[PDB]
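Asks: Just the structure for this:
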Amino acid sequence: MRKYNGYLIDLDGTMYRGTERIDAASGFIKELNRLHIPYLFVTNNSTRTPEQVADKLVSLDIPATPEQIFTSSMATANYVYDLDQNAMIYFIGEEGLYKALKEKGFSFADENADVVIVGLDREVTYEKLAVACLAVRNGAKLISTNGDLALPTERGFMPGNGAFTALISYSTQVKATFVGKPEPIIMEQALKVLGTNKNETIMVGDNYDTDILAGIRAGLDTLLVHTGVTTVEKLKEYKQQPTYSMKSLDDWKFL
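Replies: Numbering: from 1, shown residues only. Below, you will see the structure:
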């Protein structure tokens, strides 16, 4: 009789920034667990494995298993697989995306690949990018895991996944299909894994532009936390608003 019987919890934005927010997330997730409400965590992150992420969450007293961690690289693999499980894949990426593809049993190829998947690779090279371009010009579909142009690090803002996709897209004059937030594809793929119905599922996050917009676009109800007077006002000016806006996870009632 709950309106919401499945929860997609965002891992990104500033959801877990500082001790108060961590404790709020711990209390919230533990309550979901107590009520036996299924949930999945969703992230664009491509530098950590499901196992690493779950291990970190548990260390923060936020209950999670590796199977509850769902990334944009997993969504990408899964989406492609359902469309053609016999496609030969060329990818640019790291262990996370490689693992997601491995799990789907793909065959891999270079210049005659059927699908080119672009993810972040912090050891990318001219030749790796060139093979992507040649495969696209040989008719490969062009898919990008995420769209981020820059990535904040210790050193500053480094080149992001989306910047590499722009290079390939410009060179080849082919537009990419993007999977990760703020696109809806990641959220449809997450719904598949979570198993609940779209109209009985809610996405919870605290960033609108990148994160909650994905849920909105995917046709899910959304809870945006960590809002204030000014941000609520601002979103009322946009085409789409979150379903609910609150100060804290502590304020959510399990409707």
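
Asks: Excluding chain neighbours, give the residue nearest to residue 6 in space.
Replies: residue 196 (3.0 Å; C-beta to C-beta, 6 or more residues apart in numbering). Using the backbone N, CA and C atoms, a C-beta is placed for each residue, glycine as well.

Asks: who's in contact with the one you found?
Replies: Residues in contact with residue 196 (C-beta atoms under 8 Å, 6 or more residues apart in numbering) are 5, 6, 38.

Asks: OK, contacts around the first one?
Replies: Just to be clear, that refers to residue 5. Contacts of residue 5 by C-beta under 8 Å, 6+ apart are 37, 38, 196, 200, 201.

Asks: let's see 10 Å
Replies: Residue 5 makes contacts with 35, 36, 37, 38, 196, 197, 200, 201, 202, 254, as judged by C-beta atoms under 10 Å, 6 or more residues apart in numbering.

Asks: so residue 143 touches residue 135, yeah?
Replies: No: Residue 143 is beyond contact range of residue 135, at 11.5 Å (criterion: C-beta atoms under 10 Å).

Asks: Quick check: neighbours shared by these two?
Replies: 89, 115, 116.

Asks: what about the strands in the chain?
Replies: 6-10, 39-43, 69-71, 88-92, 107-108, 115-118, 141-144, 150-153, 156-159, 177-178, 201-205, 221-224, 244-245 (DSSP state E).

Asks: Please tabulate the ones you listed in CSV and include mean neighbour count and distance to residue 22 as additional columns.
Replies: Below are those laid out as CSV (neighbours: other C-beta atoms under 10 Å; distance: least, C-beta to C-beta, whole Å):
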stretch, mean neighbour count, distance to residue 22
strand 6-10, 24, 13
strand 39-43, 24, 14
strand 69-71, 27, 17
strand 88-92, 22, 34
strand 107-108, 12, 39
strand 115-118, 27, 33
strand 141-144, 22, 31
strand 150-153, 12, 20
strand 156-159, 12, 26
strand 177-178, 18, 30
strand 201-205, 26, 15
strand 221-224, 23, 18
strand 244-245, 18, 21
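
Asks: any idea how far residue 40 is from the closest residue to residue 204 other than its chain neighbours?
Replies: The shortest distance from residue 204 to any non-neighbouring residue, by C-beta to C-beta, 6+ apart, is to residue 223 (4.7 Å). Noted for residue 223: a distance of 15 Å to residue 40, by C-beta to C-beta, to the nearest Å.

Asks: Please apply the same query to residue 179.
Replies: 16 Å.

Asks: Please parse the chain into its domains.
Replies: Listed domain ranges for the chain are 1-83+180-255, 84-179 (source: curated CATH domains).

Asks: Between the two ends of the longest one, how far is it?
Replies: In other words, domain 1-83+180-255. Chord length of domain 1-83+180-255, first to last residue, is 9 Å (C-alpha to C-alpha, to the nearest Å).

Asks: Likewise for stretch 4-15?
Replies: In stretch 4-15, first residue to last residue: 20 Å (C-alpha to C-alpha).

Asks: count of residues packed around the residue nearest to residue 100 when sequence neighbours are not counted?
Replies: Nearest non-adjacent residue to residue 100, counting by C-beta to C-beta, 6+ apart: residue 77, 3.9 Å away. Using other C-beta atoms under 10 Å, residue 77 has 27 neighbouring residues.

Asks: ok, now the one 5 residues further on?
Replies: Here the neighbour count serves as a burial measure; for residue 82 (other C-beta under 10 Å) it reads 11.

Asks: For the residue nearest to residue 204, name its beta-bridge partners.
Replies: residue 204, residue 244 (DSSP bridges).

Asks: measure it to residue 233 for me?
Replies: When residue 223 is compared with residue 233 (using C-beta to C-beta), they lie 18 Å apart.

Asks: Then residue 177?
Replies: Residue 177 is 34 Å from residue 233, by C-beta to C-beta.
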